[PDB]
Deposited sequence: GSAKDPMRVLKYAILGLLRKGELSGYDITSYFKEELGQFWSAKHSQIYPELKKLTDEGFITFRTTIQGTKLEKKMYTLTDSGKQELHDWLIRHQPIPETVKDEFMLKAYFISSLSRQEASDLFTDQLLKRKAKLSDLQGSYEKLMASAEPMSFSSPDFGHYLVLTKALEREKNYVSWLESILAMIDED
């Protein structure tokens, strides 16, 4: 039920259609929480049968039960997950099988793609910021944007310093 709390959360500010919920997944949310389109409507239906959302004629809204379910999940302290899979880093672990030139080529290609990804994130940041506060309506978007930005900058920085060792 990977989509349960994503959908409950998307509804936290009022009603949305199933189209709208899908677009929120295909846009700013499905960067850090991707959904298969084949899973949205089963989850919507399951949340309905569970009494967490209701609908009108189709526009879904949180029920009070759904609001409470969302709230309990938000404040819950969870163990931090096991490291997220990174296929490139599996390669890095096995670097003894690469020549110096092949490792340089591999890391350089990775650096290029992550700087390019960083560039897209810096664009979305300047678009969003075109004075942030806790209760600002965009604070949540600002949180995921800056986390992703910081993450790519650090990845870029690590790649550059390994390239400086390799080369």
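Undergrad: Comparing the deposited sequence against the modelled residues, what ranges come up empty for C-alpha?
TA: No coordinates exist for the deposited residues in 1-7, 65-73, 147-149, 187-188, so these stretches are absent from the model.
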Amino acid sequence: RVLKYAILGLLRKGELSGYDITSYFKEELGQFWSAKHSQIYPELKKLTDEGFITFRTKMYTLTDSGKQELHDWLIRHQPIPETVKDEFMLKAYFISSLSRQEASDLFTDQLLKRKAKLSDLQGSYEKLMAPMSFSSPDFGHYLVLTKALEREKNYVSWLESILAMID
From here on, numbers count along this sequence of modelled residues.
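Undergrad: Report the stretch with the higher mean CA temperature factor, choosing between 105-113 and 39-47 on the basis of the entry.
TA: Higher mean C-alpha B-factor in the PDB entry: 39-47.
Undergrad: Could you check the entry and say whether 67-75 or 81-89 has the higher mean CA B-factor?
TA: It is 81-89.
Undergrad: For the listed 121, 29, 53, 98, which has the peak Cα B-factor recorded in the PDB entry?
TA: Reading the PDB entry, the winner on C-alpha B-factor is 29.
Undergrad: Select lowest, middle or highest to describe the third in which the CA B-factor of residue 10 falls within its chain in this entry.
TA: Its C-alpha B-factor belongs to the middle third of this chain's values.
Undergrad: In terms of the CA temperature factor given in the entry, to which third of its chain does residue 140 belong: lowest, middle or highest?
TA: As the PDB entry reports it, the C-alpha B-factor of residue 140 lands in the lowest third of its chain.
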